[PDB]
Undergrad: 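Before I ask anything, here is the structure I am working with.
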2 protein chains.
Amino acid sequence: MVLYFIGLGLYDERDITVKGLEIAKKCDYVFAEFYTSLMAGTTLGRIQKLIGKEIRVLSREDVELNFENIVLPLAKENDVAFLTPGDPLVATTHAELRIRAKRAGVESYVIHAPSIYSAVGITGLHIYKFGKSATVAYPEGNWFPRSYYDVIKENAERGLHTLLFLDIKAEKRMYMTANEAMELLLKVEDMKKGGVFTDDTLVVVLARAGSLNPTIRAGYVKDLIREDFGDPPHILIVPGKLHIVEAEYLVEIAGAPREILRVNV
Amino acid sequence: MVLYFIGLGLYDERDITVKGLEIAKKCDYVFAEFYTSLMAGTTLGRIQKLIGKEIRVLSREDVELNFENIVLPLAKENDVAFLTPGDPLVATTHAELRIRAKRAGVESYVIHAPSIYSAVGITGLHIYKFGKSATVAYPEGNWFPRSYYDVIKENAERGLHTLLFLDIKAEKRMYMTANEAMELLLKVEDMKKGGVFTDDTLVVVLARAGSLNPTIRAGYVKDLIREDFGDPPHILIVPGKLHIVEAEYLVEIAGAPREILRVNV
Ligand SMILES: Nc1ncnc2c1ncn2[C@@H]1O[C@H](CSCC[C@H](N)C(=O)O)[C@@H](O)[C@H]1O
C-alpha cells in the first residue's frame, strides 16, 4: 500500500541517504529510472548489491506511458521503492507520478537526497543569487534549442547566476561536457549577438559533484573552452556580478585568475 | 590531516548520506553547528549515537570569528569533521571556511546532504522556475527589513517562483513560522503598495521537509495566514505564474483551491 520515491544522490552508490538505503532494504520490490539522469560514479550492479535486492529499471516510456501498470499494481499490496538519480521531484516529470499513485489508491512518500541544483553551493557562489535555471540540450537535426541564452541574459542583467544543466543521453551514456556547452553557447552568441556569452565571459565548471575530488574550475571562456575537466557529469554556470567572497573562493579553490577580482566584482 | 564538511540533511539523523556517515565514523574529532537551520526530527544524542562520536557544538561567533582557532588546529594533525544541518554550503557562509582551511595548510572535502533548496520540488513547482531566493528576517528594535519583498516582485514579474528562507535564532530557540512571514509581508505591502503580496496572493508552505509526512499546503494568504502548519522549520514560497501541471499537483497533493486550475494564459 506504499510507494517510496527515493533519491540516489549525486555520483555513486554511497550518495543515497541512510534513510533511503534502509527503507529500500525493507521494500518488497525495487524499481528505478535512469533517464532523467545517470549515476556516473557507479553501476546498476553496485547499487543493487548495496541495497541487496534486484532492481527493475524502467525506461522513459515505461514511466510516462505505463507507470500505473508496472509500478503501482505491486505497491497496492506491498511496500515498493522507486529510485531516481539525485533528489526526487527536481526533475519536472517526477511530481505527476505522485498524482498517479493517489489515483491508484496508493500512499506515496518522498525520501530526499542531494541534487546538483543544491550541490552547486560547492562552487562558492551564494545559492540565493541563482536565478532561473536551464538545460543545454544537444542539437539534433534541424532542432537547435537555444532559449537558455535568454535565461542567462535575463539573470545576469539582474546580477544573478545561471545554472546550466547539461544534456545526457542516458541510454547511450553520453554526457555533454562543459566544453561542448561552451561551444554551443558561442554559436548562439554568433546568431543573437547580444553580447551575453563571449570569449571574455567568466564561467564556472563543476564536474563530478558528489565525488570527494570533483573538478571545480572558474575562468574566461577563451581559456577554459578546450580545458580538460575530467570525467562526467559536468555542469556549467555563468555567474552574474560577484560578491568579493564569491570571487575569493573561485580564485583560491577553483583556480580562477586574479583578474576576476577587478573585472567581475 | 584533512577537514570534512558533512551535511546532516533535512530532518533527522538518517538524512545524512551513507558516504557522509562512513566518513564521519572514522574521523578523530567531530565538530558541528546547529544555528543555520533546525533538524526537527532528531537530537544531538541521536546523531552522536549514529556516528559513534562525541560532537562539539560551536556557536555562530565560534565559527565566524574563531573557526581557524578552534577547528583547523586539530585538522592539521588529525582527520576532522564539521557537521551542519541540510547541505553545509547552501544558504550559509560556510564556503568561506574552505578558504580559511587552505590558508592553514589543511585540505578540505565536502559531503553533500539533502537541502531545503532542492527539497521544494516536493511542492510540485518546477525547480527551474525558481528565481532569486530571499530570507525573511525578524524585525527588531525600531527596524523592519523589507528587501525580500523586492525579490518576490522581481521574480514574479518575469514569471518565476520565489523561495523564502525564514529566520532562525537558535540561541533563543526562535524559528519563524510561515504564518509570521505572511504577516510581515502583508505589513510591507501596506508600506510599498506594489500589489506584490496581498490577501489574494497564492502561496505555498512546506514544513518539516525530510520527514515522511511534511506539511505541504497551497492557497490564498487570506485562508492560510492563520492555519496551523505544525512545528518548525517552515519555508514560504510565492509562486509566479503556474504551469497547468504545477497547479494540478498543488490541488491534488497540497490541497489548493481547485480554482487555481484555471490558469490565466
Ligand atoms: N526540513 C526543512 N523544512 C522546511 N524548511 C526548512 C527545512 N530545513 C531548512 N529550512 C528552511 O531553511 C532555513 C535555514 S537556511 C540553511 C539551509 C540548509 N543549509 C539546507 O541545505 O537546507 C530555515 O530557517 C527554514 O526556513
Side-chain angles (χ1 to χ4, degrees), chain A residues 7 9-10 17 19 87 90 110-122 125-128 130 209, chain B residues 5-17 20 32-42 60 63 82-97 110-123 130 133-138 148 162-182 184-185 203-217 229-238 254:
Chain A
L10 301 163
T17 61
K19 180 177 294 173
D87 190 22
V90 168
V110 178
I111 306 302
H112 296 284
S115 169
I116 185 61
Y117 180 63
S118 52
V120 291
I122 197 174
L125 299 176
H126 298 325
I127 244 70
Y128 85 90
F130 281 81
Chain B
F5 288 80
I6 306 177
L8 295 180
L10 303 162
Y11 185 70
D12 57 62
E13 75 286 346
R14 297 200 303 169
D15 288 321
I16 187 176
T17 61
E33 61 85 2
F34 293 105
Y35 63 78
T36 56
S37 187
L38 171 66
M39 293 185 78
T42 188
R60 179 185 290 285
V63 175
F82 179 54
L83 317 176
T84 78
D87 181 292
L89 313 182
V90 175
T92 76
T93 59
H94 290 333
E96 182 269 325
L97 300 180
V110 178
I111 305 294
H112 301 282
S115 171
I116 188 61
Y117 181 66
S118 70
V120 296
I122 199 172
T123 63
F130 278 77
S133 297
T135 297
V136 178
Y138 281 120
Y148 49 85
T162 302
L163 174 61
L164 297 170
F165 292 100
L166 304 185
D167 215 348
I168 169 178
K169 298 298 178 180
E171 292 186 346
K172 296 183 285 181
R173 280 185 158 63
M174 295 176 74
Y175 312 103
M176 183 184 280
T177 65
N179 312 83
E180 298 179 310
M182 288 184 247
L184 290 171
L185 278 162
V203 297
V204 179
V205 176
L206 175 57
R208 303 178 309 289
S211 66
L212 283 177
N213 293 284
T215 294
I216 309 174
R217 289 280 298 112
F229 300 113
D231 297 336
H234 298 177
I235 205 136
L236 179 62
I237 297 166
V238 178

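In listed order, ligands and their atoms are each counted from 1. Values below: all heavy atoms of this structure, side chains included; hydrogens, waters and symmetry mates excluded. Letters go in sequence order (proteins before strands), and every chain restarts at 1.
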Undergrad: Taking atom types as modelled and ignoring hydrogens, do the side chains of B/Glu180 and B/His234 form a donor-acceptor contact shorter than 3.5 angstrom?
TA: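 No, no side-chain donor-acceptor pair sits under 3.5 Å.
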Undergrad: Do B/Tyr35 and B/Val63 make a side-chain contact, defined as non-hydrogen atoms from C-beta onward lying under 4.5 Å apart?
TA: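 Yes, side chains in contact.
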Undergrad: Any side-chain heavy atom of B/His94 within less than 4.5 Å of one from B/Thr36?
TA: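 Side-chain contact under 4.5 Å: yes.
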Undergrad: Should B/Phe34 and B/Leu83 count as side-chain neighbours, where that means a heavy-atom distance under 4.5 Å?
TA: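 They are not in side-chain contact.
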Undergrad: Under a 4.0 Å heavy-atom cut-off, which residues neighbour ligand 1?
TA: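 Its neighbours under 4.0 Å (heavy atoms only) are B/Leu10, B/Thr36, B/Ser37, B/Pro85, B/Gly86, B/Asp87, B/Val90, B/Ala91, B/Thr92, B/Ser115, B/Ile116, B/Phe165, B/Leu166, B/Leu206, B/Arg208, B/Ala209, B/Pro233, B/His234, B/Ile235, given by chain and number.
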Undergrad: Donor-acceptor pairs under 3.5 angstrom involving side-chain atoms of residues 5-17 of chain B: please list them, not counting sequence neighbours.
TA:
unit_1: B/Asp12; atom_1: OD1; unit_2: A/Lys19; atom_2: NZ; d: 3.4
unit_1: B/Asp12; atom_1: OD1; unit_2: B/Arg14; atom_2: N; d: 2.9
unit_1: B/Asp12; atom_1: OD2; unit_2: A/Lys19; atom_2: NZ; d: 2.7
unit_1: B/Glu13; atom_1: OE1; unit_2: B/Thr42; atom_2: OG1; d: 2.7
unit_1: B/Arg14; atom_1: NH1; unit_2: A/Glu22; atom_2: OE1; d: 2.7
unit_1: B/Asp15; atom_1: OD1; unit_2: A/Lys19; atom_2: NZ; d: 2.8
unit_1: B/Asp15; atom_1: OD2; unit_2: A/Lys19; atom_2: NZ; d: 3.4
unit_1: B/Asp15; atom_1: OD2; unit_2: B/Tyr11; atom_2: N; d: 2.8
unit_1: B/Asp15; atom_1: OD2; unit_2: B/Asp12; atom_2: N; d: 2.9
unit_1: B/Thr17; atom_1: OG1; unit_2: B/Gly20; atom_2: N; d: 3.1

Undergrad: Taking the side chain as C-beta and beyond, is there a heavy-atom pair between B/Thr162 and B/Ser133 under 4.5 Å?
TA: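 With C-beta onward as the side chain, the pair stays apart.
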